[PDB]
There are 2 protein chains.
Amino acid sequence: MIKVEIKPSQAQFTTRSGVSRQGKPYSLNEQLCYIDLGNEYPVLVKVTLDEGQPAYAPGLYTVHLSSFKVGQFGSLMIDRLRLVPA
Amino acid sequence: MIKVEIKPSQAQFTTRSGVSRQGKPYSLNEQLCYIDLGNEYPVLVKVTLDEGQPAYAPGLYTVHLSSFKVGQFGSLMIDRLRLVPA
């Protein structure tokens, strides 16, 4: 299991906006977190939230299976990192 | 944890070859596996092995932390799916 931590300082998201190729508006909410990848300290990683979802609260989390998909070359890829409480 | 299975029929790898941009030869060994992504059946996924590593034997495996890296846009990515016995 991947250990992810939202620190007290990372309890908010920011929003980016724009317009798609054929005219539709979009909004993306992004939040930062720390993920332990086995180096001397955890590293900073950007998470993009799914529509209608609030910011994850501070605490420990792991990665949900729905984060992954098979890509166009037949290898596993991360679609969006989706988190669940540890 | 991601459940990965190498079936008896997937016990071998195949090798692709070529030449890099500036003249170096390369060889890539690829093996197939089944990964449970929570749908009605596991799906077929291609794994590229690391240099000097044999094919994984049939059995159950999970994903090692070294499979992941932070990409150039600051989000988590899979580098290469690296497996360890379950």
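Each chain gets a letter, A, B and so on, in the order the sequences are listed, and its residues count up from 1. What you see below is based on every heavy atom in this structure, not just the backbone, and it leaves out hydrogens, waters and symmetry mates.
Taking all atoms of both residues into account, the shortest heavy-atom contact from A/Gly52 to A/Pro54 is O-CD, 3.7 Å. Shown here for A/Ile6 and A/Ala57, the closest heavy-atom pair between the two residues is CB-O, 3.6 Å. Contact detail for B/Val47 and B/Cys33: the closest heavy-atom pair is CG2-SG, 3.7 Å.
No side-chain donor-acceptor contact under 3.5 Å links A/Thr62 to the backbone of A/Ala86. Side chain of B/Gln31 to main chain of B/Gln10: a donor-acceptor pair is present (N/O by atom type, distance under 3.5 Å, no hydrogens or angles). The closest donor-acceptor contact from the side chain of A/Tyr56 to the backbone of A/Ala11 lies at 3.5 Å or more, if one exists at all. A donor-acceptor pair under 3.5 Å links the side-chain atoms of B/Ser17 to the main chain of B/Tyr26, judged by distance alone. The closest donor-acceptor contact from the side chain of A/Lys46 to the backbone of B/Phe73 lies under 3.5 Å.
Hydrophobic clustering of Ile, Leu, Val, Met, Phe, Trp and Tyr side chains at less than 4.5 Å, counting indirect connections, keeps B/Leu81 apart from B/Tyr34. Residues B/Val45 and B/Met77 do not share a hydrophobic cluster, clusters being chains of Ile/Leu/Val/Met/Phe/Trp/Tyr side chains in contact below 4.5 Å.
Evaluation of the ring pair (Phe, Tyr, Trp, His ring centres under 6.0 Å) rule for B/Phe13 yields no partner, not counting sequence neighbours. Residues that satisfy the salt bridge (charged side-chain N to carboxylate O under 4.0 Å, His left out) test with B/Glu5, not counting sequence neighbours, are B/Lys7. In this structure, A/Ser9 has no side-chain hydrogen bond (donor to acceptor under 3.5 Å, both in side chains) partners at least two apart in sequence or on a different chain. Qualifying salt bridge (charged side-chain N to carboxylate O under 4.0 Å, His left out) partners for B/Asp36, counting only residues two or more places apart in sequence or in other chains: none.
By the 4.5 Å heavy-atom criterion applied to side chains, B/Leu32 and B/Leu44 are counted as neighbours. The closest side-chain heavy-atom distance from A/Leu37 to B/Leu65 is below 4.5 Å. A heavy-atom distance below 4.5 Å is not found between the side chains of A/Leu28 and A/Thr15. Proximity of B/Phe68 to A/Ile78: side-chain heavy atoms (C-beta onward) are separated by under 4.5 Å at one or more points. Annotation: side chain of B/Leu83 is in contact with side chain of B/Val63 (closest heavy-atom distance under 4.5 Å). Contact of the A/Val84 side chain with the A/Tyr61 side chain is not registered, since no non-hydrogen atoms from C-beta on lie closer than 4.5 Å.
Within the structure, every pair that satisfies the side chain to side chain donor-acceptor pair (under 3.5 Å) test and touches residues 72-86 of chain A, not counting sequence neighbours, is listed here: A/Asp50-A/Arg82, A/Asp79-A/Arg82.
Here B/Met1 is tied into one hydrophobic group with A/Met1, each link being a pair of ILVMFWY side chains closer than 4.5 Å.
Here the OG atom belonging to B/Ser67 is positioned 8.0 Å from the CD1 atom belonging to B/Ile2, to the nearest 0.5 angstrom. Once rounded to the nearest 0.5 Å, the distance linking CD1 of A/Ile35 with NZ of A/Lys3 reads 12.5 Å. Taking NZ of B/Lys69 as the start and CG of B/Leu76 as the end, the distance is 11.0 Å to the nearest 0.5 Å. To the nearest 0.5 Å, atoms CG (B/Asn29) and OG1 (B/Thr48) are separated by 9.0 Å.
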